Ligand SMILES: [Cl-]
């Protein structure tokens with residue numbers, strides 16, 4: 008559907024909160040994750056895709072508020088209610104699961120080694136534990152990987 012609204016505002020908030028410039032690799036990985044969550048259950052595809060619609064609305068509203076840190080965003084989720092809080096934390100954990108569920112595909116799309124794909128999953132896991140969400144962790148780790156290889 009028009010859940011490219013989600014991918015737009017998601018990328019927009021994530022790179023802002025991360026402190027990073029926009030990154031085509033993150034965008035590509037983000038699209039791969041959202042597609043993996045849609046194909047993971049064809050018997051419940053539209054149920055999955057509308058969880059994104061409710062999240063694409065959540066990140067859109069987030070961009071309308073004064074949110075400078077993950078803690079602000081976490082507070083905005085609570086003001087939104089448990090549907091949205093669980094919604095983000097479900098997606099952010101699925102982000103890590105998708106990477107682990109097909110590391111060679113991630114390696115393919117991003118043209119990186121499998122060891123660097125493990126860095127992405129690891130970076131996402133640690134950012135979830137810090138309360139920042141996996142997307143921010145993965146955004147920042149993608150910069151290091153680019154620097155070690157490109158530079
Ligand atoms: Cl980005």
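Numbering (the deposited numbering), first residue to last: 8 to 158. No residue lacks a Cβ here, since even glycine has one placed at the ideal position from N, Cα and C.
Residue 11 to residue 120, Cα distance in whole Å? 28 Å
Taking 7 Å as the threshold (C-beta atoms), are residue 146 and residue 62 in contact? no
Would you tell me roughly how many angstroms separate the C-alpha atoms of residue 33 and residue 90, rounded to the nearest one? 26 Å
Is residue 22 near ligand 1 - that is, is its Cβ less than 6 Å away from at least one heavy atom of it? yes
Which of helix, strand or coil DSSP assigns to residue 34: helix
Can you round the beta-carbon distance between residue 158 and residue 17 to whole angstroms, since I take them to be within the 8 Å contact cut? Actually they do not touch by this definition, with Cβ atoms about 27 Å apart.
Rounded to whole angstroms, what is the Cα-Cα separation between residue 116 and residue 15? 19 Å
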